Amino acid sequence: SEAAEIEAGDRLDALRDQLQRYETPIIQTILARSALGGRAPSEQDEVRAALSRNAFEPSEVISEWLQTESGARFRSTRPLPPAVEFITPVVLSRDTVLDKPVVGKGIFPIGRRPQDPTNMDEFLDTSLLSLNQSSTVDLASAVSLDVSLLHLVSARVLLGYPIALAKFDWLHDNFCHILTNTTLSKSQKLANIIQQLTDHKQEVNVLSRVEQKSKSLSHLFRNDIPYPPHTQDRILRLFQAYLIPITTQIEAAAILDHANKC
């Protein structure tokens, strides 16, 4: 047990650096798309068209797990990439402060409000729709950035599955005292491994850097025209309301799948 627990932790550290690698690209291409200009006519329709004409299937392991019907919740209607349609439950209120310290509650509350779009696809769709219709935007460039963003955010959250398996191997005993307890319902234990999986100090650690990146990398240089309104807040919103919760939700589903290892 001793050596396998150490080696799993070594793999978790490597997997979390791959996870952190997706931050800057996601932020980069959001800003690249928003600086490019308005939305092209029928841009959403040509984006599903491009996805269908270039259907990138993922890791066999992941695809193996995506028709796991434990993992098929994170399977999307074609041609959209995985996990971009998964809906997290509304966990915050209408007026919750999102990015500023509140006495007695903290900062960066994770999850969705009533008025937040349901999934990353609706969210990225609402941002695109918030832009003005434009005659001069290049359709090929627009559609391709749009496509690139969809594959980036899907690749990001599904690294939660290898991360979960690495966490399980190292923290075997913690998880199986939950997974064996027959007192608790499956959803009642699902909630418990999720509290076991979440680490809000590191969430603040991550969202802090994401906020700094969304501000530094959206800086206006000499004679640049400004970004569309609220580009910075929507970048942070993507991480704080979708990327963080969907990832650990994938992590949780992967742990439940492995109650056969206790």
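One rule holds for the numbers: they count along the sequence shown, beginning at 1.
If you average the C-alpha B-factors over 47 to 55 and over 26 to 34, the higher value belongs to 47 to 55. Averaged over their C-alpha atoms, the temperature factors of 76 to 84 and 175 to 183 are higher for 175 to 183.
Note on 126, 148, 115, 192: the highest value goes to 192, judged by CA B factor as recorded. In the deposited coordinates, the residue among 216, 232, 208, 70 with the greatest CA B-factor is 70.
Sort the chain's modelled residues by C-alpha temperature factor and residue 61 lands in the highest third, per the entry. The entry lists a Cα temperature factor for residue 228 that places it in the middle third of the chain's modelled residues. Among the modelled residues of the chain, residue 21 sits in the lowest third by CA temperature factor in this PDB entry. Split the chain's modelled residues into thirds by C-alpha temperature factor. Residue 93 is in the middle one. Compared with the other modelled residues of the chain, the Cα B-factor recorded for residue 40 ranks in the highest third.
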